[PDB]
Protein chains: 4
Amino acid sequence: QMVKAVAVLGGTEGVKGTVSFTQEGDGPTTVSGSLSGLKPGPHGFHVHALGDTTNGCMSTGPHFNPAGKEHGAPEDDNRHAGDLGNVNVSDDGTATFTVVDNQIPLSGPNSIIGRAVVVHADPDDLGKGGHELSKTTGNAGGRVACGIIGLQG
Amino acid sequence: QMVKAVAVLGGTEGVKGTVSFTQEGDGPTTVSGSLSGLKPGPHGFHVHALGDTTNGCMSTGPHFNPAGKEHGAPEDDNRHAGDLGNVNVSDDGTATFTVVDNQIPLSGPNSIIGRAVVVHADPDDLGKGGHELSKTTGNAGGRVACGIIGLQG
Amino acid sequence: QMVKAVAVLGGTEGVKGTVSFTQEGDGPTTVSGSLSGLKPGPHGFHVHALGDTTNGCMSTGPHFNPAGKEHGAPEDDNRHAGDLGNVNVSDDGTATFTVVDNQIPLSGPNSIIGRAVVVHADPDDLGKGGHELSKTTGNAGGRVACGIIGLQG
Amino acid sequence: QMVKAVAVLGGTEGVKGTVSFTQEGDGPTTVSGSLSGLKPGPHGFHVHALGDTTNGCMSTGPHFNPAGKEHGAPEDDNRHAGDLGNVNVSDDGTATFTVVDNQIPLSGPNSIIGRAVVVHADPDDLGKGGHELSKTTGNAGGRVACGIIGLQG
Ligand SMILES: [Cu+2]
Ligand SMILES: [Cu+2]
Ligand SMILES: [Cu+2]
Ligand SMILES: [Cu+2]
Ligand SMILES: [Zn+2]
Ligand SMILES: [Zn+2]
Ligand SMILES: [Zn+2]
Ligand SMILES: [Zn+2]
Ligand SMILES: [Zn+2]
């Protein structure tokens with residue numbers, strides 16, 4: 001059984017796009033992003049705990065962290081479920097990417113359905129930046145765009 | 001356990017608002033709404049099956065109908081899960097409403113998290129209007145605003 | 001084994017006052033009110049589910065209802081845990097009252113600590129008003145003042 | 001699952017802000033802070049034992065101290081449950097911070113629900129100051145703002 005989900009990303013910063021999720025049974029989640037309007041280079045890319053946009057991207061809460069770990073890189077053992085690292089924006093301010101991840105299921109108790117994916121202004125230091133925010137947020141700066149992960153037909 | 005969800009409504013019409021859901025354990029869901037920029041009178045108010053806004057409110061699919069019944073009133077046995085009837089908009093374009101319902105859980109197999117709320121242009125006839133659409137949609141006309149039901153707590 | 005809690009009640013309305021809670025062991029909760037700046041007559045008096053005042057009293061959510069019952073009078077089997085009925089305001093717009101209730105404990109899983117006590121603009125119809133809001137809120141109108149129930153020394 | 005709490009800060013000093021708490025299962029508590037109106041530099045940031053605001057912040061009692069230890073730094077063994085160290089205020093009088101800590105649960109017997117967060121006038125000396133108040137309050141001076149930790153989700 002395939003579950004499908006899609007986030008339409010908006011923001012006050014003119015960055016836009018979609019992120020498409022799929023998961024067959026209880027295997028990995030495939031996530032395919034198409035982003036525009038971003039500063040060239042690395043941008044923090046997170047699943048946040050909430051899909052509350054009452055105060056734009058600021059109300060989506062902290063990083064999704066059911067395991068109660070510190071902030072890290074996707075490859076790390078010591079990471080949040082929602083830590084999908086950096087996406088690289090081209091010189092035209094677009095990004096197109098597929099990542100596969102094992103901690104962002106689309107069903108069961110840790111489902112990210114109805115949570116928000118968030119693109120950040122700045123790189124995610126992956127917990128290694130030695131800044132006060134490194135080990136909590138990765139010090140990725142402003143939530144320039146976010147989208148609620150909605151069930152797809 | 002206390003589960004919360006919220007829909008932030010938007011459309012092409014200059015209509016806005018917030019719909020707050022709460023469910024304590026497996027008691028009924030309380031839905032609390034304040035809406036603006038709507039035409040005075042009754043509007044059909046439903047949970048639709050999908051949270052896909054890639055084609056705006058149109059991609060949110062039909063009334064959430066896990067039981068495979070026809071369209072009806074909230075108090076009827078022959079209703080969609082998503083069938084929450086009419087909300088009443090004042091001459092000032094605003095609606096203020098509280099309803100309880102036990103067919104829109106915020107967790108488990110029939111969870112509405114990551115689906116959508118839609119306010120329709122016209123009244124829901126509650127399946128009793130004897131119109132060709134009465135038994136599917138309640139002939140509630142177009143999708144004026146919708147919001148993905150995002151996890152809030 | 002006595003637990004003590006107190007709410008300091010704030011409004012936009014200039015109604016204010018305090019509600020003091022005590023519970024010996026597993027016994028009933030005693031709640032003593034001193035209120036001012038209120039319209040003479042009966043006022044809906046509820047424990048709401050949340051102590052969130054980010055949006056003044058409107059963020060305190062619905063009636064505290066762990067049993068998933070409908071809105072009732074305190075003496076009814078079919079009531080919310082939060083349903084403390086009506087408090088009577090004198091001509092001088094003050095109220096002083098003591099009630100005891102066994103559904104608002106100050107510890108355990110259904111503790112009211114860190115929830116909100118709310119005084120409404122209008123009488124609570126105790127679910128017998130024959131209004132659309134009777135069975136959900138008792139149709140008691142605006143939240144004129146609320147206070148977070150804080151642990152007392 | 002997910003428990004949320006929120007303190008809306010007030011005081012005599014024009015300091016404002018919101019502190020949001022999230023705990024997933026029995027993991028650490030994330031506390032996310034947005035403050036304004038504060039003098040620049042480090043400020044003591046503590047959970048106090050009580051949510052009694054009848055005498056403003058002074059009635060919130062001492063540091064939350066269920067284990068009966070002395071005042072210390074968050075990473076110390078000998079510390080109060082309520083010891084969350086210093087938050088830095090920029091020259092513009094604002095503080096934005098994310099802290100995670102495993103002694104401030106939002107449920108069970110050591111719950112901080114219905115207690116208070118307090119922001120102090122002065123830096124927390126983390127118990128190291130050699131002052132008579134070092135091992136009790138970290139000599140962090142006045143209670144410049146506080147709020148009751150209200151249940152939010
Ligand atoms: Cu982020
Ligand atoms: Cu509809
Ligand atoms: Cu009420
Ligand atoms: Cu202190
Ligand atoms: Zn993270
Ligand atoms: Zn229907
Ligand atoms: Zn009630
Ligand atoms: Zn919850
Ligand atoms: Zn201390």
# chains A, B, ... in the order shown; residues from 1 in each chain; ligands from 1
$ residues_around --residues "residue D:23" --least-positions-apart "5" --cutoff "8 Å" --atoms "only C-alpha atoms" --output "list in words"
residues 2, 3, 4, 28, 29, 30, 105 and 106 of chain D
$ closest_atom_pairs --of "chain A" --to "chain D" --cutoff "9 Å" --atoms "only C-alpha atoms" --output "Markdown table"
| residue | atom | partner | partner_atom | distance |
| --- | --- | --- | --- | --- |
| A:61 | CA | D:22 | CA | 8.3 |
| A:62 | CA | D:30 | CA | 7.7 |
| A:64 | CA | D:24 | CA | 8.9 |
| A:65 | CA | D:24 | CA | 7.1 |
| A:66 | CA | D:24 | CA | 5.5 |
| A:67 | CA | D:27 | CA | 7.0 |
| A:68 | CA | D:27 | CA | 4.5 |
| A:69 | CA | D:27 | CA | 7.9 |
| A:70 | CA | D:100 | CA | 8.7 |
| A:109 | CA | D:1 | CA | 8.4 |
| A:132 | CA | D:97 | CA | 8.5 |
| A:133 | CA | D:98 | CA | 6.9 |
| A:136 | CA | D:98 | CA | 6.6 |
| A:137 | CA | D:98 | CA | 7.7 |
$ residues_near_ligand --ligand "ligand 2" --cutoff "8 Å" --atoms "only C-alpha atoms and all ligand atoms" --output "count of residues only"
16
$ calpha_fit_and_write --fixed "chain A" --moving "chain D" --output "tab-separated table (two decimals) with C-alpha atoms, in the first residue's frame"
chain	number	residue	atom	x	y	z
D	1	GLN	CA	0.39	-0.28	0.22
D	2	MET	CA	1.23	3.26	-1.10
D	3	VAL	CA	0.76	6.47	0.98
D	4	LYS	CA	1.38	9.93	-0.61
D	5	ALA	CA	1.64	13.45	0.88
D	6	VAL	CA	2.34	16.93	-0.60
D	7	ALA	CA	3.31	20.33	0.91
D	8	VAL	CA	2.58	23.50	-1.15
D	9	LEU	CA	5.18	26.04	0.20
D	10	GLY	CA	4.49	29.72	0.99
D	11	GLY	CA	6.14	32.45	3.11
D	12	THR	CA	6.80	36.22	3.22
D	13	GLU	CA	9.82	36.00	0.87
D	14	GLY	CA	8.40	35.09	-2.63
D	15	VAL	CA	9.79	31.51	-2.24
D	16	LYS	CA	7.45	28.90	-3.84
D	17	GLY	CA	7.51	25.14	-4.36
D	18	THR	CA	6.03	21.65	-3.92
D	19	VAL	CA	7.48	18.80	-1.79
D	20	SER	CA	5.93	15.36	-2.61
D	21	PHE	CA	6.26	12.43	-0.15
D	22	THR	CA	5.79	8.72	-1.09
D	23	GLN	CA	6.02	5.69	1.27
D	24	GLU	CA	5.46	2.10	-0.03
D	25	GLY	CA	4.58	-0.29	2.87
D	26	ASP	CA	6.91	0.51	5.85
D	27	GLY	CA	9.95	1.37	3.63
D	28	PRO	CA	11.86	4.71	3.65
D	29	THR	CA	9.97	7.92	2.70
D	30	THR	CA	10.99	9.42	-0.69
D	31	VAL	CA	10.66	13.24	-0.65
D	32	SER	CA	10.90	14.94	-4.06
D	33	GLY	CA	11.31	18.75	-4.08
D	34	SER	CA	10.86	21.59	-6.61
D	35	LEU	CA	11.56	25.08	-5.11
D	36	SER	CA	11.99	28.64	-6.54
D	37	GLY	CA	12.65	32.23	-5.33
D	38	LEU	CA	15.44	31.20	-2.86
D	39	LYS	CA	18.93	32.76	-2.35
D	40	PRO	CA	21.73	30.55	-3.80
D	41	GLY	CA	23.56	27.91	-1.67
D	42	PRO	CA	22.60	25.40	1.08
D	43	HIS	CA	19.28	25.78	3.03
D	44	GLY	CA	18.08	23.95	6.17
D	45	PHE	CA	15.27	21.55	5.15
D	46	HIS	CA	13.29	20.18	8.12
D	47	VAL	CA	9.96	18.61	9.12
D	48	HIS	CA	8.65	20.74	12.07
D	49	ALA	CA	6.30	19.24	14.75
D	50	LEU	CA	3.14	21.26	13.92
D	51	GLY	CA	0.95	22.18	10.90
D	52	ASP	CA	-0.34	25.39	12.59
D	53	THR	CA	0.14	28.25	10.02
D	54	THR	CA	-2.08	30.79	11.94
D	55	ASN	CA	1.20	32.75	12.56
D	56	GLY	CA	2.75	31.73	9.19
D	57	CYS	CA	5.83	29.43	9.47
D	58	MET	CA	6.67	30.55	13.07
D	59	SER	CA	3.59	28.64	14.47
D	60	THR	CA	4.88	25.27	12.99
D	61	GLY	CA	6.90	24.79	16.26
D	62	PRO	CA	10.30	23.03	16.59
D	63	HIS	CA	11.89	20.11	14.61
D	64	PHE	CA	9.67	16.96	14.66
D	65	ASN	CA	11.47	15.10	17.49
D	66	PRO	CA	9.43	12.07	18.69
D	67	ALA	CA	12.60	10.21	19.93
D	68	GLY	CA	13.70	13.25	22.07
D	69	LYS	CA	17.23	13.55	20.51
D	70	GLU	CA	19.38	16.62	19.62
D	71	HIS	CA	19.61	18.18	16.10
D	72	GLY	CA	22.00	16.29	13.74
D	73	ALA	CA	22.67	15.29	10.10
D	74	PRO	CA	20.33	12.76	8.40
D	75	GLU	CA	22.95	9.94	8.61
D	76	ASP	CA	23.73	10.67	12.35
D	77	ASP	CA	22.34	8.51	15.24
D	78	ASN	CA	21.75	11.65	17.43
D	79	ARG	CA	19.26	13.58	15.21
D	80	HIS	CA	15.60	14.75	15.10
D	81	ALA	CA	13.07	12.71	13.00
D	82	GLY	CA	12.57	15.99	11.03
D	83	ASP	CA	16.34	16.43	10.25
D	84	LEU	CA	16.64	16.16	6.40
D	85	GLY	CA	19.82	18.31	6.24
D	86	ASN	CA	20.54	20.89	3.49
D	87	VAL	CA	19.01	21.33	-0.02
D	88	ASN	CA	21.23	23.23	-2.52
D	89	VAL	CA	19.71	26.28	-4.34
D	90	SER	CA	21.28	27.08	-7.78
D	91	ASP	CA	22.09	30.73	-8.77
D	92	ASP	CA	18.66	30.81	-10.56
D	93	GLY	CA	17.00	30.48	-7.10
D	94	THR	CA	15.60	26.96	-7.85
D	95	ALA	CA	16.24	23.64	-6.01
D	96	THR	CA	15.39	20.17	-7.45
D	97	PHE	CA	16.09	17.30	-5.01
D	98	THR	CA	15.17	13.71	-4.08
D	99	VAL	CA	15.84	12.65	-0.45
D	100	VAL	CA	14.95	9.26	1.16
D	101	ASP	CA	14.73	8.97	4.98
D	102	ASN	CA	13.36	6.34	7.46
D	103	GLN	CA	12.26	8.70	10.34
D	104	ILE	CA	9.43	10.54	8.47
D	105	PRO	CA	6.66	7.92	7.96
D	106	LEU	CA	3.31	9.01	6.35
D	107	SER	CA	1.25	6.66	8.63
D	108	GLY	CA	1.25	5.32	12.23
D	109	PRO	CA	2.14	7.11	15.45
D	110	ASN	CA	5.23	9.05	14.13
D	111	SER	CA	3.28	10.12	10.97
D	112	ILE	CA	4.41	13.54	9.57
D	113	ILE	CA	0.86	13.92	8.03
D	114	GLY	CA	-0.52	17.34	9.17
D	115	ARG	CA	2.90	18.61	10.33
D	116	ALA	CA	4.95	21.05	8.17
D	117	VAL	CA	8.07	21.10	6.01
D	118	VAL	CA	10.14	24.31	6.48
D	119	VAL	CA	12.94	25.66	4.23
D	120	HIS	CA	15.31	27.87	6.31
D	121	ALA	CA	17.15	31.09	5.25
D	122	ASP	CA	20.60	29.64	6.09
D	123	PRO	CA	22.63	26.41	5.91
D	124	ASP	CA	21.97	23.69	8.55
D	125	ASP	CA	25.31	23.29	10.50
D	126	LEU	CA	24.08	19.68	11.17
D	127	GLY	CA	24.68	20.21	14.95
D	128	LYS	CA	28.47	20.75	14.38
D	129	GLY	CA	28.53	24.60	14.32
D	130	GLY	CA	29.53	25.28	17.98
D	131	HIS	CA	26.61	27.82	18.17
D	132	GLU	CA	24.02	27.86	21.07
D	133	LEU	CA	21.39	26.92	18.37
D	134	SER	CA	23.53	24.13	16.72
D	135	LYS	CA	21.98	21.21	18.76
D	136	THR	CA	18.35	22.55	18.40
D	137	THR	CA	17.97	24.07	14.85
D	138	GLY	CA	21.49	23.68	13.32
D	139	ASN	CA	21.39	27.53	13.43
D	140	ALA	CA	19.60	27.49	10.01
D	141	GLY	CA	18.04	30.96	10.65
D	142	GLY	CA	14.67	32.28	9.37
D	143	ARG	CA	11.65	30.24	8.13
D	144	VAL	CA	11.74	31.50	4.51
D	145	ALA	CA	8.86	29.19	3.38
D	146	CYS	CA	6.75	26.31	4.79
D	147	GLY	CA	3.76	24.10	3.96
D	148	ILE	CA	1.46	21.70	5.82
D	149	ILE	CA	2.08	18.05	4.74
D	150	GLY	CA	-1.41	17.25	3.31
D	151	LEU	CA	-2.57	13.62	2.68
D	152	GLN	CA	-2.51	13.08	-1.15
D	153	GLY	CA	-3.05	9.29	-1.57
$ select_by_dssp --residues "stretch 1-142 of chain A" --states "strand (DSSP E)" --output "ChimeraX atom specification"
/A:2-9,16-24,29-36,41-48,54-57,83-89,95-101,116-120
